[PDB]
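Structural overview
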Amino acid sequence: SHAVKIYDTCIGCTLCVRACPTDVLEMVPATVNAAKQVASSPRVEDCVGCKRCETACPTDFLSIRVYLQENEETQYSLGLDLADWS
Amino acid sequence: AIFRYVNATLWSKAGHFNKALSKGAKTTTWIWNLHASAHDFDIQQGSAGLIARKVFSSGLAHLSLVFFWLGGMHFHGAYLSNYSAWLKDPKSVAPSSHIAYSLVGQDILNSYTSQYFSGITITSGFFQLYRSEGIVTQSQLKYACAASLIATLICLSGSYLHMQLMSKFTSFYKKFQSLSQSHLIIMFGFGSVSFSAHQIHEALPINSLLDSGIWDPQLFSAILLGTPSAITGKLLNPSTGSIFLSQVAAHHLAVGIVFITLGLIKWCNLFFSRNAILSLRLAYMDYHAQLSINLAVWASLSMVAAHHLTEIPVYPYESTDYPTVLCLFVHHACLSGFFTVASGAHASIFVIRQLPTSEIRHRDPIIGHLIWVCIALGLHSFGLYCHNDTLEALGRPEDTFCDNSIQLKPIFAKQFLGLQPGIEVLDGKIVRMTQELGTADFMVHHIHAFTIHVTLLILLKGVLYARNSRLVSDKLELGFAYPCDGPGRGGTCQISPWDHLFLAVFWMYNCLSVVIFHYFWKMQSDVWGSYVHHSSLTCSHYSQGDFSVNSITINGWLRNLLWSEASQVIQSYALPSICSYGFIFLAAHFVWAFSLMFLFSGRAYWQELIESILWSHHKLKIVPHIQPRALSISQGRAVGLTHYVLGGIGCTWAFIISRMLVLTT
Amino acid sequence: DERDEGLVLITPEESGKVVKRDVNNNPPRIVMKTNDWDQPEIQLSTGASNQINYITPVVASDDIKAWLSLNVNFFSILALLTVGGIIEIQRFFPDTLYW
Amino acid sequence: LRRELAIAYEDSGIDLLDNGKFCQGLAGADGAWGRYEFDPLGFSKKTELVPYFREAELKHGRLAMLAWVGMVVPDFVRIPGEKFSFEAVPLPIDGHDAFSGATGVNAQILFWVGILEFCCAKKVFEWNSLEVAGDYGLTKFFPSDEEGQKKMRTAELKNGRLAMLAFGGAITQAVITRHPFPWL
Amino acid sequence: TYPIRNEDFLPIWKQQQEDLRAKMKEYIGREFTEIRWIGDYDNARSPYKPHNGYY
Amino acid sequence: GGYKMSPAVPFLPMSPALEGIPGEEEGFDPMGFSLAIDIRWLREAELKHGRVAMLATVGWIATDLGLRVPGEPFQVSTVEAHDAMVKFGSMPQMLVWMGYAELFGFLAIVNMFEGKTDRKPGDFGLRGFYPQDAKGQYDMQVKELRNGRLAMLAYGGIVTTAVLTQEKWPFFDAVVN
Ligand code: KC2
Ligand SMILES: CC1=C(C#C/C(C)=C/C=C/C(C)=C/C=C/C=C(C)/C=C/C=C(C)/C=C/[C@@]23O[C@]2(C)C[C@@H](O)CC3(C)C)C(C)(C)C[C@H](O)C1
Ligand SMILES: CC1=C(C#C/C(C)=C/C=C/C(C)=C/C=C/C=C(C)/C=C/C=C(C)/C=C/[C@@]23O[C@]2(C)C[C@@H](O)CC3(C)C)C(C)(C)C[C@H](O)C1
Ligand SMILES: CC1=C(C/C=C(\C)CCC[C@H](C)CCC[C@H](C)CCCC(C)C)C(=O)c2ccccc2C1=O
Ligand code: SF4
Ligand code: SF4
């Protein structure tokens with residue numbers, strides 16, 4: 001699976017969460033920024049690696065980073081449809 | 001109707017049409033997007049009425065452009081051409097309405113065409129077209145040019161007017177029954193009848209006099225007079241080597257009558273199976289659906305034109321004007337391919353913007369069987385060539401697929417003309433000769449089928465998997481022209497219908513290049529050439545009939561067609577006639593190679609290089625506020641594709657034209 | 001707007017209720033908003049009218065100068081003049097015999 | 001009554017409601033003893049085009065009235081010219097072919113007729129109405145009474161229709177017989 | 001060796017074209033004159049005096 | 001009283017654009033060109049045509065009568081004078097001068113349309129033999145327009161008849177049949 005990390009530069013605009021195609025991310029309460037919320041990545045097992053969160057991130061450099069891990073590819077991260085590894 | 005709203009204020013805005021370009025010129029990507037979306041009237045600011053306005057007015061403006069081009073052709077024929085010398089003696093003098101300057105030694109390009117004329121030999125068949133039309137005087141050509149210019153002005157005025165005449169209530173463009181009926185009865189039926197009238201009343205007497213040898217002004221200013229009972233096409237004009245123009249006029253009269261009859265039976269509702277097409281009628285009332293259908297129709301008609309203009313001779317002396325017939329075939333084949341890939345593109349756009357038909361719901365079997373047929377066709381057809389190569393190299397010709405060895409006879413390729421035995425000749429040239437099909441023709445035709453099927457596979461996959469797929473389920477949300485969906489799910493590069501076209505264009509170009517090479521080599525080896533003396537002639541062909549012996553191997557194609565026949569273009573530098581063709585050969589090679597840059601590289605390298613370069617500009621205080629950017633991914637693909645196709649087409653163009661020009665002169 | 005000065009421009013609600021003639025003796029004209037940026041308003045006639053409806057566009061020298069000031073026209077004119085100059089130099093002094 | 005074109009043009013244009021009369025009450029539908037409303041195919045049901053139909057009918061009638069007399073007179077008399085003489089052109093039906101093309105004799109007629117029609121198109125289209133259909137202001141000799149004007153319009157229409165049929169009859173008979181006036 | 005298709009017609013075609021040439025020569029009454037590509041010819045039916053012979 | 005009818009075509013209403021302009025006494029515009037194009041542009045073009053055609057008519061008449069400027073290159077007929085002088089080099093220089101004068105005319109037209117100057121359509125500021133009274137000025141403008149129109153028609157007739165009959169300007173001793 002890929003690694004989706006969030007950094008404190010986050011401003012809690014929720015655009016990453018809204019752009020998530022498989023609902024990997026969710027906003028959580030925080031005090032670091034004025035919006036009082038920061039995106040989290042609890043369901044990183046479903047991350048496919050499309051980097052749409054990264055596309056939608058406003059900050060100067062991304063407060064959300066998706067690191068691709070081709071060696072640890074799973075069926076959920078590969079979006080397998082015709083074949084099942086479960 | 002209100003023309004007070006057309007002002008030049010918007011001319012300097014440069015992006016008013018697209019709302020996404022409101023933040024003008026923050027980067028060079030803005031310039032590129034402006035150009036890319038200039039003519040995408042659907043996504044531009046306004047309404048559906050405005051979209052229709054723009055579509056119709058742009059069609060009229062392009063009509064005016066084409067009329068201007070035709071008028072320029074007529075003017076060049078009238079004033080900058082040797083049409084007089086060609087008309088009196090077509091064989092000796094090559095057509096040339098093209099003259100070059102003497103700027104930098106550039107006068108070398110002009111070549112001997114007549115005693116008093118030096119220029120560039122044209123290959124469009126315009127001289128033969130004029131002769132068929134009966135144009136034999138500079139005054140006639142001048143008035144044709146004047147008519148073309150007047151038509152250009154009229155079309156320009158019509159576009160400008162219709163930009164405001166049509167309002168939001170305008171709906172005449174949605175009256176498909178009226179549109180089709182008018183086009184079928186008037187534009188086609190009445191048009192064909194009127195052109196038959198023109199032929200009968202003007203071209204037939206003039207052409208008959210020209211065939212006889214009469215050049216008298218009074219005569220220039222009794223149908224079926226010379227045509228025997230022989231079936232049309234079974235007997236060519238002995239003095240011209242083309243179908244009788246009276247037969248052509250009768251053809252046009254019959255075609256116009258048939259079109260009028262079809263229109264009238266449709267008017268009376270005689271056609272009954274409306275329900276079988278009602279689904280398409282409801283689904284495909286869209287700009288892009290109609291554009292795709294029309295593009296495919298015109299592509300197929302262009303291919304049929306390419307075949308018939310050569311196989312069936314109708315223009316005077318075009319049969320013996322070998323460069324003309326070859327160039328016509330190649331040009332129309334290329335247009336067929338381009339318009340077919342265009343039809344695929346706009347089918348994909350229609351699927352994206354509108355609801356698709358129900359054949360998309362079993363798309364997996366369709367594309368799966370197409371994939372299988374493509375694989376099997378390619379394997380068998382090309383592996384026969386590879387088998388021939390390997391076995392011949394090993395030294396076992398008896399094991400290869402050829403007429404002498406194992407032979408693949410095209411049993412289904414059967415005659416239908418029923419022509420008499422022999423060939424038709426005209427002044428030391430073979431105007432018409434039957435093409436004899438064998439193993440080489442079998443193999444090359446199956447190669448053609450393979451390439452056509454692979455191009456169709458790419459286009460159909462792009463069309464059917466445009467809305468969604470197993471990989472990505474929101475391709476409809478992504479749109480039509482996007483680079484990818486991301487590096488995820490393994491990587492979603494070129495999943496868009498735009499990229500499917502970007503690949504189908506490569507495959508169409510490959511198919512058309514093979515078709516051009518097949519036609520060129522087969523015609524040179526087995527059809528064209530001269531003859532040496534009931535009389536029996538030994539026919540000396542330009543390529544010496546080597547297609548049937550050498551075309552069975554890829555090495556034979558490489559040696560006897562490319563290397564052997566590139567002698568003219570490769571050795572064209574000193575020759576005044578074709579030095580330009582040699583230089584264009586070289587430059588097209590350069591451009592094709594230069595395209596690989598964009599086809600292989602990626603955006604990020606160039607963006608980083610641009611930033612490193614911009615460091616120095618900033619250091620020296622050269623700050624461009626339209627920040628330089630690397631070309632987008634889709635733009636890089638488009639640029640690479642354009643340069644690739646242009647370079648390949650230029651190499652083929654120069655090679656074939658140089659060969660033909662040198663051989664015929 | 002000077003073009004429609006003196007014209008009776010009735011809204012669609014007043015159609016047929018107002019029948020006063022224009023300065024040119026024409027009947028009143030119904031004005032409708034189309035919500036089109038290119039043609040914000042369209043006028044229909046209540047009857048036969050004898051009025052001026054210019055088909056020529058309204059072009060200003062300032063607009064033309066701005067269009068030519070657009071970087072494209074500026075640089076295209078610069079490049080065309082440069083190319084013409086080089087071509088004319090080649091014409092007048094061929095082969096660089098002086099060098 | 002007939003009002004001056006300036007006043008009549010005040011209410012002009014394509015009407016949308018329909019006066020409930022046969023052909024909007026236009027003249028020319030009147031039998032010898034009673035009323036003859038001839039419209040088997042119901043063309044007059046297009047009340048908006050009715051003024052156009054009357055304008056076209058009057059144009060055809062006037063043109064054919066001229067044409068019939070122009071087919072009759074030439075055989076009896078000709079323009080004093082060598083190319084109009086009976087020897088150069090035997091019958092009027094030959095005039096079209098004799099004077100077509102480079103000679104320009106008929107080209108001039110076509111040119112002037114085209115100029116006149118280009119100038120009259122504005123009335124034909126814009127200023128056409130039930131009352132000004134076929135009215136170019138040439139009202140000299142027009143009676144100053146309602147009944148007189150109606151009768152004169154009826155006479156014009158009847159003679160125009162009679163000549164409209166008579167020109168077809170005469171031209172066809174002349175082409176069939178190649179004979180002088182009596183068969184045309 | 002390839003025979004020439006429709007050999008028999010060539011003599012016939014030559015005869016037809018020669019016959020048509022003679023017919024038009026007789027019809028005109030004078031020798032055929034080569035047309036001029038850039039020349040101007042008056043119409044035979046023009047009402048004005050000829051400037052250049054209409055033939 | 002209804003519409004104001006054109007005196008030229010009594011069965012058509014006068015175009016409102018051609019009211020108050022010299023030459024409105026006739027009020028001739030049946031095709032309605034003044035309803036589609038600016039009357040300022042129309043009158044500017046009409047006056048330019050009239051003046052150019054007057055000069056052309058007088059020049060053609062003079063050359064046909066004779067009166068050729070001293071020199072060998074000018075010993076040609078009026079019909080072929082255009083090509084002869086184009087080859088000679090007179091016509092290119094004349095066209096350069098025309099381009100200069102027409103650049104100034106174009107500036108005048110542009111400024112008039114934009115309203116920078118209160119310039120009448122054909123006015124260039126020349127006041128020679130011009131009556132002081134307004135009625136006289138109107139009459140003189142009408143005289144200019146009518147002479148120019150007559151000159152347009154006269155030049156059309158002169159050039160066409162000259163090319164047809166190959167005769168001199170009067171054409172009286174010409175044969176037509
Ligand atoms: C529906 C059946 C019908 C038929 C089949 C028929 C056939 C023919 C034929 C060919 C066989 C000719 C040649 C002919 C000729 C004329 N018909 Mg007639 N006609 C029919 C019906 C009426 C009616 C209802 C009226 C009428 C008239 C006239 C007038 C008078 C014109 C005038 O002087 O006003 C003329 C010249 C009107 C009238 O008043 O006749 C005294 C009139 O009211 N017709 N009619
Ligand atoms: C000479 C010539 C040329 C020509 C020509 C021209 C100008 C030809 C013109 C032909 C023309 C103008 C032909 C009219 C026909 C009218 C018909 C058939 C009317 C039938 C009418 C019928 C059948 C019935 C009518 C009525 O039933 C109705 C409707 C109601 C009833 O109450 C009354 C009656 C019964 C009467 C060229 C081309 C210019 C040059 C060339 O060189 C040769
Ligand atoms: C067609 C024809 C024929 C004819 C004819 C006809 C009717 C011909 C008509 C010709 C016609 C009508 C020709 C007018 C010319 C007027 C000119 C040149 C005026 C110049 C005026 C000038 C130069 C004025 C200049 C100034 O105003 C300026 C600019 C400002 C002020 O400083 C004042 C001055 C004065 C200095 C024939 C012969 C009858 C038969 C033949 O078969 C065919
Ligand atoms: C080279 C390259 C670039 C860099 C190329 C750029 C930025 C293009 C430069 C544009 C110039 C400024 C346009 C002007 C036209 C040429 C300079 C014209 C030269 C003409 C000669 C005859 C002199 C990309 O950005 C790119 C992006 C994605 C895939 C592949 C590539 C790619 O291959
Ligand atoms: S990851 Fe980016 S888009 Fe999401 S909350 Fe943080 S700053 Fe906003
Ligand atoms: S890469 Fe795509 S799937 Fe993974 S967290 Fe980001 S938006 Fe969601």
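Here goes a summary of the coordinates provided.

So, on to the overall build of chain B. Scanning chain B from terminus to terminus reveals 21 helices and six strands. With the C-alpha coordinates aligned to their principal axes, the bounding extent of chain B is approximately 80 × 75 × 65 Å. Expressed as a percentage of its 665 residues, the buried residues of chain B come to 46%. When the accessible surface of chain B is totalled, it reaches about 33,400 Å², and 67% of it is carbon and sulfur. Each charge sign in chain B was given a centre, from 39 positive and 32 negative side chains, and these centres are 16 Å apart.

This part takes up the environment of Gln51(C). Residues and elements named next belong to chain C. Within the element layout of this structure, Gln51 appears in the loop between β3 (41-45) and α1 (61-69). The class of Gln51 is buried, set by a relative accessible area of 13%. Through-space distance from the C-alpha of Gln51 to that of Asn24 is 7.1 Å; in sequence the pair is 27 residues apart.

Glancing now at the site of ligand 5. Neighbouring ligand 5 are 14 residues, the closest being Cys10(A), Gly12(A), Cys13(A), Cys16(A) and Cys57(A). Partitioning the shell around ligand 5 into residue classes produces ten nonpolar, four polar and no charged.

Attention now goes to the site of ligand 2. All names here are of chain D. Looking at ligand 2, the residues that line it are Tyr36, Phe38, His96, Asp97, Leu165, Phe167, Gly168, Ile171 and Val175. Taking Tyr36, its side chain carries an N or O atom lying 3.1 Å from an oxygen atom of ligand 2. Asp97 places a polar side-chain atom, nitrogen or oxygen, 2.6 Å from an oxygen atom of ligand 2. Protein burial of ligand 2: of its 1,000 Å² of free accessible surface, 34% is covered by the chains. Going through the elements one at a time, α3 (95-99) and α5 (146-177) are the ones with two or more residues in the shell around ligand 2. Per element, the largest residue contribution to the shell around ligand 2 is five residues, and it comes from α5.

Before going further, it helps to examine the packing of helix α10 (residues 287-311) of chain B against helix α11 (residues 322-353) of chain B. Residue and element names in this part refer to chain B. With their axes 7 Å apart at the nearest point, α10 and α11 run at an angle of 165° to one another. With respect to α11, the element α10 is oriented roughly antiparallel. Read as a crossing pair, α10 and α11 show a hand that is left-handed. Looking at the contact of α10 with α11 residue by residue, the class counts come to 19 nonpolar, eleven polar and one charged.

Here we take up the pattern of salt bridges. On inspection of all chains with the given rule, the structure shows 46 salt bridges over all chains. Put simply, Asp441(B) and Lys522(B) hold a salt bridge, and the shortest N to O gap is 3.9 Å. Within this pair, whereas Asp441(B) is found in helix α13 (residues 439-464), its partner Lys522(B) is found in helix α15 (residues 497-526), the two being separated by 81 residues in sequence. Like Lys522(B), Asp441(B) is buried. When the shortest N-O distance is used, the salt bridge between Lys59(D) and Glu117(D) registers 2.9 Å. Highlighted residues: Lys59(D) in helix α2 (residues 50-76) and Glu117(D) in helix α4 (residues 105-125), separated in sequence by 58 residues. Of the residues examined, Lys59(D) reaches a relative accessible area of 28% and is grouped as partly exposed. We classify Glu117(D) as partly exposed; its relative accessible area is 36%. One salt-bridge network, in which partners are shared between bridges, spans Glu25(F), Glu26(F), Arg43(F), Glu46(F), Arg146(F) and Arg149(F).

Our focus in this paragraph is the pairing of strand β2 (residues 29-33) of chain C. Regular strands have side chains that alternate between both faces of the sheet. All names here are of chain C. Burial within β2 is extensive, with four of its five residues counted as buried. In terms of strand pairing, strand β1 (residues 9-10) meets β2 through two bridges, oriented parallel. In the sheet register, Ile10 faces β2, and the bridge partner there is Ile30. The sheet contact formed by β2 and β3 spans five bridges and is antiparallel. The residue of β3 that forms the bridge with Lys33 is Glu41.

Counting residues at the interface gives eleven residues for chain F, matched by 13 residues for chain D. Interface area, chain F with chain D, both sides summed: about 1,200 Å², of which 75% is carbon and sulfur. The three residues of chain F that bury the most area against chain D are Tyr3(F), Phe11(F) and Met31(F), which together make up 45% of that side's buried surface. Where chain F touches chain D, the interface holds zero salt bridges. Seen at the junction of chain F and chain D, the total is two residue pairs in polar contact. Residues that form the side of chain F that touches chain D fall into these classes: eight nonpolar, three polar and no charged.

Here we come to the packing of helix α6 (residues 176-212) of chain B against helix α1 (residues 9-28) of chain E. Following both chains from N to C, one finds α6(B) and α1(E) inclined at 110°, their axes separated by 9 Å at the closest point. It follows that α6(B) is roughly perpendicular to α1(E) by the angle criterion. Across the interface between the two elements, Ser208(B), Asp211(B) and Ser212(B) of α6(B) pack against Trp13(E), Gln17(E), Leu20(E) and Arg21(E) of α1(E). Looking at the contact of α6(B) with α1(E) residue by residue, the classes come out as two nonpolar, three polar and two charged.

Each side of the interface is counted separately: chain E has 27 residues, and chain B has 46 residues. Taken together, the two surfaces of chain E and chain B that pack against each other cover about 3,400 Å², and 61% of this comes from carbon and sulfur. It is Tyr2(E), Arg5(E) and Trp37(E) that lose the most area in chain E upon contact with chain B, and together they represent 31% of the buried surface on that side. Where chain E packs against chain B, one counts two salt bridges. Between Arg5(E) and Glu424(B) there is a salt bridge whose closest N-O contact spans 3.3 Å. Counting residues per element, the side of chain E that touches chain B draws most heavily on α1(E), which supplies nine residues.

A word on the arrangement of the chains. In this assembly, eight pairs of chains are in contact, and the pair contributing the most contacts is chains B and E. Separated in space, chain B and chain D share no contact, their closest pair of C-alpha atoms being 11 Å apart.

A separate point is the packing of aromatic side chains. The final tally for this structure, using the stated rule, is 54 aromatic pairs over all chains. Relative to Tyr542(B), the ring of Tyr322(B) has its centre 5.6 Å away and its plane inclined at 85°; by these criteria the two rings are edge-to-face. Exposure remark for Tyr322(B): the relative accessible area of 0% places this residue in the buried category. By relative accessible area, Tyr542(B) is classed as buried at 18%. Note on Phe74(F) and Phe88(F): the rings are 5.4 Å apart at their centroids and 75° apart in plane angle, and the pair reads as edge-to-face. In this pair, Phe74(F) is assigned in the loop between α1 (39-65) and α2 (78-88) and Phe88(F) in helix α2, connecting sequence segments 14 residues apart.

Criteria and thresholds
Residues numbered from 1 in each chain as written, not as in the entry; some residues may be left out. Chains lettered and ligands numbered in written order. Part of a larger assembly, values for the part shown. Heavy atoms only, no water. Helix = DSSP H or I, 4+ residues; strand = E, 2+ residues; numbered from the N terminus. Buried < 20%, exposed > 50% of the residue type's maximum accessible area, 1.4 Å probe, protein only. Areas by Shrake-Rupley, 256 points an atom, 1.4 Å probe, with all protein chains shown as cover. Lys, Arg positive; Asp, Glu negative; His and termini not counted. Charge placed at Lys NZ, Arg CZ, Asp CG, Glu CD. Near = heavy atom within 4 Å. Nonpolar A, V, L, I, M, F, W, Y, C, P; charged D, E, K, R; others polar. Polar contact = N/O pair within 3.5 Å; in protein donor to acceptor, adjacent residues only side chain to side chain. Axes fitted to C-alpha atoms, helices over the stretch in contact; angles between N-to-C directions. Parallel < 35°, antiparallel > 145°, perpendicular 65-115°, else oblique. Left-handed = near helix turned anticlockwise from the far one by under 90°. Salt bridge = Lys/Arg side-chain N within 4 Å of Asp/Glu carboxyl O. Pairing = 2+ DSSP bridges. Contact = heavy atoms within 4.5 Å. Buried area = accessible area lost by both parts, 1.4 Å probe. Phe/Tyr/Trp six-rings, centres within 6.5 Å; stacked < 30°, edge-to-face > 60°.

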